[PDB]
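Heads up, the thing below is written out as structure tokens.
Excluded from the calculations below are hydrogen atoms, water molecules and symmetry mates; all remaining heavy atoms, backbone and side chain alike, are included. Residue numbers begin at 1 in each chain, while the letters A, B, ... track the order of the sequences. Counting starts at 1 for both ligands and their atoms, in listed order.
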Number of protein chains: 2
Amino acid sequence: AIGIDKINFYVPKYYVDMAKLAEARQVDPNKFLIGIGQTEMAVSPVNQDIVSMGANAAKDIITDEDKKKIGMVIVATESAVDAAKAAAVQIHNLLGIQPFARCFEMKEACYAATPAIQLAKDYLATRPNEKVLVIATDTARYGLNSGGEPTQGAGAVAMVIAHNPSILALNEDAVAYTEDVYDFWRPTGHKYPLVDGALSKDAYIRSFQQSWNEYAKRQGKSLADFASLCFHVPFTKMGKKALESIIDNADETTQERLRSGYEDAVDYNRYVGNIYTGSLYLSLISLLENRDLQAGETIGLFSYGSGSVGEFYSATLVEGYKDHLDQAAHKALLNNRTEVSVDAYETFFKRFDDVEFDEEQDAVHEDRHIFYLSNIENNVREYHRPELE
Amino acid sequence: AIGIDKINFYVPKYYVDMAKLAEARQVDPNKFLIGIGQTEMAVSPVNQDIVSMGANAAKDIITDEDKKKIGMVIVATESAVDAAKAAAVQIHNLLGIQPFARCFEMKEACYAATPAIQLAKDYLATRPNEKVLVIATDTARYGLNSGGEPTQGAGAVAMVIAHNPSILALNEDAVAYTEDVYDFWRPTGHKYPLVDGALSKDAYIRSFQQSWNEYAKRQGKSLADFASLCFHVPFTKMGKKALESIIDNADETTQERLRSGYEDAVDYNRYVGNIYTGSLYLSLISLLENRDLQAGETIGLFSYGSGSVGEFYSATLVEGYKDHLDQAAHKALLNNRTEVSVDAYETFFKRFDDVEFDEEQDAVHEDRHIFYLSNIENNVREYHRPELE
Ligand SMILES: CC(C)(COP(=O)([O-])OP(=O)([O-])OC[C@H]1O[C@@H](n2cnc3c(N)ncnc32)[C@H](O)[C@@H]1OP(=O)([O-])[O-])[C@@H](O)C(=O)NCCC(=O)NCCSC(=O)C[C@@](C)(O)CC(=O)[O-]
Ligand SMILES: CC(C)(COP(=O)([O-])OP(=O)([O-])OC[C@H]1O[C@@H](n2cnc3c(N)ncnc32)[C@H](O)[C@@H]1OP(=O)([O-])[O-])[C@@H](O)C(=O)NCCC(=O)NCCSC(=O)C[C@@](C)(O)CC(=O)[O-]
């Protein structure tokens, strides 16, 4: 079998309390906490770009042996920093991976990480001793006082795909669904995305229903066959509406189980926000660590990308997977962050727009053990490398 | 066997004479004709963007049956018009391909179409009745009076990957090579690429030598084993220098053959210019149609992307491939174009920068049988479809 052998995520060291953001935006805190379903929003310091966040997510799950066996590094993002050079190239360099590897980016809104791991699996079919590194990295920025502001976030998720995966085996049952719609998009030159709020929810749910229906038909399966589902998470309130749209034909036993699985799956996302390509996979991590699913059980996954493309596929838990997760590290990552005021958040936000370096505001001295953007000279980004290196 | 079943290209209806461009830039025409090795430069009218060019390249090689079997549409480009929405989604819509397909973009400078077709092959390994559509589409724009201006071009190449390919079987011997270098890149916000002319030369050749050397070692092969080599073509002279850098250990019979093959491979490119991701594949079309290679013979291909990533792999000619090409149509495509003066070219160029529509200057009435960008309303691009639909 081939699948996810290792998985990890990274989010910036700052966050803004959603209740505080609500107060600053003149709305009832529960509108954000319950209405949208978010609790803490990741805030990006200038010294963390998609390259450094991606490197930080992958660094803790790649051994010296893995560096010799990785044949491809694929970066999924819709927050690129170059129109030509793939961020996968810089990350491959920062991680010290062997040279004879393919490095490139995949793009399609929040969907890109899915074809990356699926095609990584196809690539590995005839290469039992190789591995593939897939990294989802993004900064969901809508703008101060914008409609999408409350759903903002930033982070990266790294996955190592290989034979005899220690965590999840990817099954051969994926089915995608494409439909040309303008629910969310970002033309060249626009700093923030254009969005048709209401339309985005309809497009999202339709893609899910169409993808699921075809999958059920082709595989002769039903929701009762899954221990849990795992979806893309722009915000928990979204995934709940999508969930209820179909469980609406499932028996009571299945409904209770899938609803419970969902809460476990979006637990971590509630404290981060939308991280685009990485949302579904951050939710996968949350599900694997917060729930006690048994080996051999199957998870049903739905990946979405505005524009739009959806895909439903399944994966099976591998015997002993709990021993290959880093729940303590992940809980620590989230708890060790520092809360910043809305005012401070707005200042950070504006500085990020123009990559305005400030080593004191970004408290760079604290980042000795991680990768971070240190400066830009002659249009070339320079990165600080972990001191242990 | 799995490989290229159908292949075609599209370039805009205008071009500027390189001798004329030389006179306007105050340089000897031969500097361009022989020095760089280019004769005519493709010129982009505003009504041709990467989406319409891509659709035009694919439309003549997609049958109603293919539309039902295509499982993925992958667009390779470094000239994206949206930071989130993949151009593959619009092309999938324009071509009327069945809905249950993956659509996304791949990015890594001029390298992206290669992992696209290679992974398309891997995807098809267990899907005997499916096909994959790969489209390389780009606009190489350096700027008026810039160092790279003479190498400019625009166009798209479409390839249908399938089982029992009618033209070329892709062999299982690919090897890529990645090395972080800033020879060419384009930070977000930059209309044109930043380039280190001299460095780009060395980077291109080093990538080729490193990739070829590892390929030769892994396969136990030599240049004598190839009927011809096919490379990425930013400009003919480039590929000649790279070529001479290794043939420099080949016998005389091999040197004569590979040099002759190179001339056949860059024939079409001389009249178009650099089309980034599509250069290597436009050269492949040129080689297949201009040379009389025999079934069973093998071609060695080198793909390059600044940044940088290179890859060397081989493909074998299928019996009867000549009956599946479209040489007459291709000669017509190039011949039916209209020459524009340098002043007109500069006017087109400046208009393209701001997507300034002008139905008379772009002469849209002439484009009744092709796809073209007709307008942009509320940040959404609208396309004219062939009237035969
Ligand atoms: C998400 C919206 C539309 C929200 O927009 P909004 O106006 O800020 O909030 P709302 O008015 O839409 O509703 C908030 C909810 O809170 C409730 N509420 C009201 N007051 C209270 C109160 N006092 N206490 C408790 N609850 C309260 C209210 O009733 C409502 O519940 P609902 O209508 O859902 O049942 C907006 O912020 C937005 O446009 N979001 C960003 C876009 C987005 O996330 N798209 C949807 C998903 S599409 C997707 O996943 C693709 C994407 C986004 O990732 C892009 C890509 O793929 O790249
Ligand atoms: C290509 C350069 C460097 C040329 O720059 P230039 O200054 O315009 O011309 P040159 O000075 O470099 O030399 C022109 C040649 O003409 C000769 N010459 C001189 N006068 C005469 C005359 N009267 N009669 C005949 N010949 C004459 C002269 O001797 C020389 O021959 P060479 O040095 O090669 O032997 C520049 O235009 C440039 O920067 N090009 C764009 C970048 C590029 O194409 N890079 C090379 C490959 S990198 C690649 O393939 C990646 C890329 C570019 O596609 C990016 C991506 O991946 O996305």
Side-chain angles (χ1 to χ4, degrees), chain A residues 22 25 27-30 32-37 78 84-85 108-112 138 140 142 146-152 183-186 193 195-200 203-205 207 231-235 238-242 274-277 279 304-309, chain B residues 22 25 27-37 78-79 84-85 108-112 138 140 142 146-152 183-186 193 195-201 203-205 207 231-235 237-240 242 274-277 279 304-309:
Chain A
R25 295 287 174 275
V27 295
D28 179 351
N30 289 310
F32 291 173
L33 302 175
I34 308 296
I36 299 178
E78 58 167 287
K85 186 167 179 164
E108 176 14 49
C110 307
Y111 166 71
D138 271 302
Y142 286 96
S146 67
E149 193 184 6
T151 72
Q152 290 176 165
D183 56 319
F184 167 117
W185 72 115
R186 190 161 70 89
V195 178
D196 187 308
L199 208 189
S200 69
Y204 179 110
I205 297 184
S207 182
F231 311 63
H232 159 65
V233 184
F235 60 105
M238 181 62 257
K240 181 58 177 183
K241 294 184 177 181
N274 194 348
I275 60 174
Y276 293 154
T277 60
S279 297
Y304 181 71
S306 287
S308 68
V309 182
Chain B
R25 297 292 175 267
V27 295
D28 188 314
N30 291 318
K31 182 183 181 184
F32 291 173
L33 298 176
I34 307 296
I36 301 179
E78 58 170 287
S79 311
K85 181 167 183 159
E108 180 7 55
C110 305
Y111 168 70
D138 272 302
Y142 286 99
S146 68
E149 177 175 38
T151 69
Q152 288 175 168
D183 57 318
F184 166 120
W185 71 114
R186 189 162 72 85
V195 197
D196 189 308
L199 217 210
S200 66
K201 186 193 83 162
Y204 179 111
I205 296 182
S207 184
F231 312 63
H232 161 63
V233 182
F235 57 101
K237 285 296 293 296
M238 181 61 257
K240 177 62 176 177
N274 190 356
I275 63 174
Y276 292 155
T277 58
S279 298
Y304 181 71
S306 285
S308 69
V309 183

Find all atoms of ligand 1 within a distance of less than 4.0 Å from any non-hydrogen atom belonging to A/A109, and give their numbers and elements. 56 (C), 57 (O), 58 (O)

In chain order, what residues pass the side-chain contact (heavy atoms from CB on, under 4.5 Å) check against B/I34, with sequence neighbours excluded? B/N30

Per atom 21 (C) of ligand 2, closest listed option by heavy atom (B/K31, B/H232, B/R25): B/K31

What are the two closest non-hydrogen atoms of A/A22 and A/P29, and how far apart are they? CB-CA, 3.6 Å

Side chains of B/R25 and B/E149: closer than 4.5 Å at any heavy-atom pair? yes

Which of the atoms in ligand 2, numbered in the order shown and given with their element, are less than 4.0 Å from a heavy-atom of B/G35? 15 (C), 16 (O), 17 (C), 26 (N)

At a 4.0 Å threshold, what atoms of ligand 2 neighbour a non-hydrogen atom of B/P234? 44 (O), 47 (C), 50 (O)

Once you restrict to heavy atoms under 4.0 Å, what part of A/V27 touches ligand 1? Side chain, backbone, both or neither. neither

Using every non-hydrogen atom in the two residues, find where B/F235 and B/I36 come nearest and quote the distance to one decimal. CD1-O, 3.5 Å

Below 3.5 Å, N or O to N or O, backbone or side chain included: is there any such pair between A/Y204 and ligand 1? no

Does A/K241 reach ligand 1 with a nitrogen or oxygen that is under 3.5 Å from one of the ligand's nitrogen or oxygen atoms? yes

Run down the list B/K237, A/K85, B/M238 and name the one with the heavy atom closest to atom 32 (P) of ligand 2. B/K237

Tell me the nearest of A/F184, A/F32, A/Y142 to atom 42 (C) of ligand 1, using heavy-atom distances. A/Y142

Check whether any side-chain heavy atom of A/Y142 lies under 4.5 Å from a side-chain heavy atom of A/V195, and answer yes or no. yes

Is there a nitrogen or oxygen of B/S200 sitting under 3.5 Å from a nitrogen or oxygen of ligand 2? yes

Of all the atoms in ligand 2, which lie at a distance below 4.0 Å from a heavy atom belonging to B/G147? 36 (C), 37 (O), 38 (C)

Find out whether A/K85 and B/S306 are in side-chain contact, i.e. whether some heavy atom of one side chain is under 4.5 Å from a heavy atom of the other. no

Looking at every heavy atom in both A/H232 and A/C110, which two are closest together, and how far apart are they? CE1-CB, 3.5 Å

From atom 46 (C) of ligand 2, work out which of B/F235, B/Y276, B/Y111, B/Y304 has a heavy atom at the shortest distance. B/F235

At a non-hydrogen distance cut-off of under 4.0 Å, which region of A/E149 contacts ligand 1 (side chain, backbone, both, or neither)? neither

Just checking, is any N or O donor in the side chain of A/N274 or A/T151 under 3.5 Å from an acceptor N or O on the other one? no

Distance filter under 4.0 Å to B/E78 heavy atoms, resulting ligand 2 atoms: 56 (C), 58 (O)

Quiz question: by atom type and distance under 3.5 Å, do the side chains of A/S200 and A/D183 form a donor-acceptor pair? no

For ligand 1, which part of A/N30 has a heavy atom less than 4.0 Å away: the side chain, the backbone, both, or neither? both

Nearest heavy-atom approach of B/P150 to B/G147 is CD-O, 3.6 Å

Do the two ring centres, one from A/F184 and one from A/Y276, sit under 6.0 Å apart? yes

Heavy atom of B/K201, distance to ligand 2 below 4.0 Å: no

Less than 3.5 Å between some nitrogen or oxygen of A/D183 and one of ligand 1, yes or no? no

Under a 4.0 angstrom heavy-atom cut-off, which atoms of ligand 2 come close to B/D28? 23 (N)

